[PDB]
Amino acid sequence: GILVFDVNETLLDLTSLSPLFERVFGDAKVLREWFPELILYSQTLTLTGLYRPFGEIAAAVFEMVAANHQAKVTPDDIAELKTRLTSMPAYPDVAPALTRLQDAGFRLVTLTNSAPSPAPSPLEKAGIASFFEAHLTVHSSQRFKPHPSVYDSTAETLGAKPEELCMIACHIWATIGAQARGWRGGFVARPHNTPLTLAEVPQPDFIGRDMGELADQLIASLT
C-alpha cells in the first residue's frame, strides 16, 4: 500500500490562518467561507482549461471575499496570507501516526494543490517532510484535484496500480475523486470537516476522528 496524503488542512493546520481573518474581517470564522471559495474556483479554472498557481487563486479569493464583506485589504494582508499559507504547522497527531504507518511497512507520499516553491517547503518547516518518499503536486498536471488526470498521473509516477493506493484527506471532495479512479480513500476528520453523504457517492473506505485513529484502521486492514 502507498498512502497518498493531501497536505493543506490534512497534515497542516489551516486554522493557523485564524489571526489573519480575525484581523481583516473581525471574525476568524470567515476562514470557512474563504476556503471553499478557493476550492470552488480552483475546480472552476480546471473545468474550463485555465490554470494559475494555488497560492495566487488563494490571494485573489481573499481579495474577493474581503470585497464581499466590504473589508479593507492591503498588499501586506496578502503577504501574511502567503506567509501563513506556506508555514502551517503539523497537527501534533501527525508525526506519531506517520511513524506507526511507516513502522507497519506502508509507503508514504504527499499530494497537494500547492505549487512547489524554492526551499524550505511547508512540510520541511513543519518538520514532517522526511517521513515521505515523494512530494507530488498538481502544478505538474496544471489541473487541480479532484480532476482524474491528477490521480492517474500520480499512479503512473509511483508506478502503482489503482488498488495499491489510498488517498488520505480531511476533504471529502479530495477522496471521492481518488476512489473514482480505483484508489481507496481514507478520511481524517479535521475540525469543520465531516463526510458528505449523498446517494450514489462512495463513502470513504476508512474514517478516523484523528490521524491516530485513521492509522489504527489502515494498520488493522493489513491483517
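All residue numbers are counted from 1 along the displayed sequence.
> What stretch has the higher average Cα B-factor here, 85-93 or 71-79?
Looking at the record's C-alpha B-factors, the answer is 71-79.
> Read off the CA B-factors in the entry, average them over 21-29 and over 198-206, and name the higher stretch.
Per the PDB record, 198-206.
> What's the residue among 36, 55, 162, 191 with the greatest CA temperature factor in the PDB record?
Going by the entry's C-alpha B-factors, 162 comes out highest.
> Of the options 114, 140, 153, 110, which has the highest CA B factor as deposited?
Each of 114, 140, 153, 110 was compared by C-alpha B-factor; the highest is 140.
> Using the B-factor values recorded in the entry, state whether the Cα atom of residue 220 falls in the lowest, middle or highest third among the modelled residues of its chain.
According to the entry, residue 220 has a C-alpha B-factor in the chain's highest third.
> Would the CA B-factor of residue 50 place it in the lowest, middle or highest third of its chain?
It belongs to the highest third of the chain when residues are ordered by C-alpha B-factor.
> Where does residue 122 sit by CA temperature factor within its chain: lowest, middle or highest third?
Tercile = middle for this residue's CA B-factor.
> In terms of the chain's CA B-factor thirds, is residue 43 lowest, middle or highest?
Within its chain, residue 43 is a lowest-third residue by C-alpha B-factor, going by the deposited values.
> Among the modelled residues of this chain, does the Cα B factor of residue 98 put it in the lowest, middle or highest third?
Residue 98: CA B-factor falls in the lowest third of its chain.
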